[PDB]
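This document starts with two versions of one protein chain, written out as structure tokens and named structure 1 and structure 2.
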Structure 1
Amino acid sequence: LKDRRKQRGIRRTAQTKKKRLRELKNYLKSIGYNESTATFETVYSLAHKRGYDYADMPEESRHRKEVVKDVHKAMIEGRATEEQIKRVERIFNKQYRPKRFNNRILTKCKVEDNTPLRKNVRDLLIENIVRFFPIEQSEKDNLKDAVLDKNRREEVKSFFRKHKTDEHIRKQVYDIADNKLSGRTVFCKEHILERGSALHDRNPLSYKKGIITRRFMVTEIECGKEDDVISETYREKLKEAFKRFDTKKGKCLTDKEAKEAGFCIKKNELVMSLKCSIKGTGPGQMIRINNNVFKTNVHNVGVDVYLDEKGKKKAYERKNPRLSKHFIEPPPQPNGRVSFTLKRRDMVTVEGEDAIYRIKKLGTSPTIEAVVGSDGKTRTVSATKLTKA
């Protein structure tokens, strides 16, 4: 669930960024900085990289103080007033989704009929310790009051030197009194002492004039796969770079090897990225959502076998209903009427054979395994010759 959490975080971060840009745009247009002005362009471009602020910046990505200093420069040269600068800076520092962590995960008492955080019941946790000391109850209460009061620590040290308590007990007392007690207690206050689901791939591909391609950095192009590089000059340069540093097969050059091979360096000090042809894909796996073209591995949901007016079987792949509007290529246009439908992992048999197979990968001629007696080998049979068991 870690990767789904990361995708969810990327999605929500982008949504928050759309929220921040809209509010800034509305406010700047409300002042008089319409989108043609230089102040709108500068302040709006700075909002795409508003910086971090989780750590403090020393005295006089980027930190948010650097970004806000640039925003201050942009608005002062744009003749803005201090209230408008303050409101724009308020938009830069605004929190759009509420960060809620104080009371989220709750623990229930183990007794047969919510438990507090440990940091809120330090008195009870100290009372759990000092209740077993041999001294009287008035001294127990005085010790409990002295431990929790941060000024009376010397009295506690005097008590422990007097009564010769164990070092681990003194340790426990000071960690209950002082430390940041993360978590909740086992008991309440009355009882302390008593495969996959992704429709498409994450990186969009470029699909122009029938050619599927994408950009990869020079340090991401494996040695045996150099021929996918579209640029002739950089393909031969990368071939000579692989020949120079004795990369046999598999993984690529490192950062230092790529820089020493003479490749250009980008402004963020990464290596240049090359346009490469994408293998292992086809035009039938291409979907377009907004501007982006993606590969989908869930493009087929089943196989439909049709009987025409001549009584002859023909197989057509049933495409995914969730993606049918987004396929670039036209859908199947079957003649006649449907006879039967073959889903993935259905058990089938082959015309003229007695063995029982099951569909591993599907299509017009789906790929079938033997259920019993398969050595891991498979074979493809036309779906017109199959029938469901």
Structure 2
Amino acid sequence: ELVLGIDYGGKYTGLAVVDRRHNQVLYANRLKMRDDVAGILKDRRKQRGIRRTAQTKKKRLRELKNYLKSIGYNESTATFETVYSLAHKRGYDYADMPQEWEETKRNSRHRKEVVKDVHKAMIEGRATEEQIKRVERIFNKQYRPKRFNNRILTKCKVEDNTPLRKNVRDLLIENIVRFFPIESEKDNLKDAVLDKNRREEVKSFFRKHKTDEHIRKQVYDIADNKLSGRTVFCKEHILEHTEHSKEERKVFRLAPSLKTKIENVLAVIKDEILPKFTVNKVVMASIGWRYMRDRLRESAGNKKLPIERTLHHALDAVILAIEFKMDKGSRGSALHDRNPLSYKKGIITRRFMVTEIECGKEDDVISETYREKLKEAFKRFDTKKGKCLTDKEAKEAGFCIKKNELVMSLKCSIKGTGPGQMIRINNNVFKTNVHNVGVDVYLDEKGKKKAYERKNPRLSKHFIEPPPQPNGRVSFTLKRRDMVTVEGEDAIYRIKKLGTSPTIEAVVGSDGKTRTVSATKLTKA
């Protein structure tokens, strides 16, 4: 009777297979699932916000340019230049201008100031009030509509859509007063909490009946405070927690960033259990728990498989009855770095703030005088190795403090970057870490066995360096993270870094050390 145990946890997960008829342990290990982080969806959303904001800005500039060319203010006129230069800084409008407003922000102005400047610029440009109000509407116009009321939806519950806490507050406060020792005052406290004209009499209850502080905190939270978040209300479990009618509805995939680690568990399950073992019962309810149950009954080839509810994690897995994951080379990941690099005359350069460079990077700056002032300022202050300069250290200023804030910028040269990583998209130049997708081994003439890199097809028309390939017969092609053997060696090796002579790793028994062997001497396992 083979039993599979899942010790699912947050950072680590134990896996074990035990035969319960003899207490014989046949398989056990522990692992992590989390990649680098699955919170790079936050950086994806930040880039999505930057991209959509830039698209909206380009869209509005296009529309306002079209309208002003329709009126007659061509790009030669000073009126067009004045209003069109103002359109790049609209100013915020969520906060209405009236000491507090001046101490709030020091840049971006405000929408009313900007549109007052538009009124001034167009009354200097002989415009009518119709044209001025149309330009005012173009500045105030929304292009991508603000739809953020019910976007994500906690859904209908067979156990464990749903409405906001904003709209069903009466049910929550009733759930608070459900466990009170007084009956006739329940509806009175209901009328007291929900009415803002009856706010004062609620505080009498906490001294009259000596309730717990948690109860008082909950009542004050319901008192027009906890307005955010969705409750669990649906057609079922409106007010109760009855566990009847199991498996009434299907299960959907609404739990983002948890699928990643659940299928990371199921990857080693599929790779190490199903080809070799047959399990009669699996033991590990939450949405992820239900999803994981459905995925094991999908993968095991049995829709009715019984699934029921740091070496100590592996021990707990054995009682219930190494290996890290990481990736950035997939098709879903970033082609190239976010901040573009200057690539002139074969020299790779980037501006940086003076306040960012630290003591370990003394002599990378191009300009000599500011380099010297940087190192004397390093010895002037306590800013030793690894510390970036502060604004208080910027109070002893560098040359020509900026108009907007007390910093200064210098060019610098970037190491760890070569001509093979350069791609140019439009006018920009970025570096990439996905530029190799495979190693093509060629043999030609008398048997000259040599290898080339397969450049990435998505970027192949954008590389600055032409892709070197002479003619030959392609006999072999490797990819990243493959199993590979070495000519003249008995062990099995795995590729960590590829290109020319790929960097290969021991599949077992390594201690962090690496070794390189050319792809000519290489063959898969």
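By convention here, residues take numbers in order along the sequence of structure 1, the first being 1. Here, rigid core means the biggest group of C-alpha atoms that superpose within 1.5 Å across both forms.
Undergrad: Taking the rigid core as reference, which of 95, 268, 290, 102 is displaced at the C-alpha by at least 2 Å between the two structures?
TA: With the rigid core fitted, the residue that moves is 102.
Undergrad: Return yes or no for residue 159: a CA shift of at least 2 Å between the two structures, with the rigid core superposed?
TA: After core superposition, the displacement of the residue 159 C-alpha between the two structures reaches the 2 Å mark, so yes.
Undergrad: Comparing between the two structures on the rigid core: C-alpha of residue 150 shifted by 2 Å or more?
TA: Yes, the C-alpha position differs by at least 2 Å between the two structures.
Undergrad: Could you check whether the CA atom of residue 214 moves 2 Å or more between the two structures, using the rigid core for the fit?
TA: No; that C-alpha moves by less than 2 Å between the two structures.
Undergrad: Taking the rigid core as fixed, quantify in angstrom how much the C-alpha of residue 250 shifts between the two structures.
TA: That residue's C-alpha sits 1.1 Å away in the other form.
Undergrad: Rigid core superposed, I'd like the Cα shift of residue 186 between the two structures in Å.
TA: Comparing the two forms, residue 186 shifts 3.9 Å at C-alpha.
Undergrad: Residue 124: how big is its Cα shift between the two structures, in Å, with the core superposed?
TA: Reported C-alpha shift between the two structures: 7.7 Å at residue 124.
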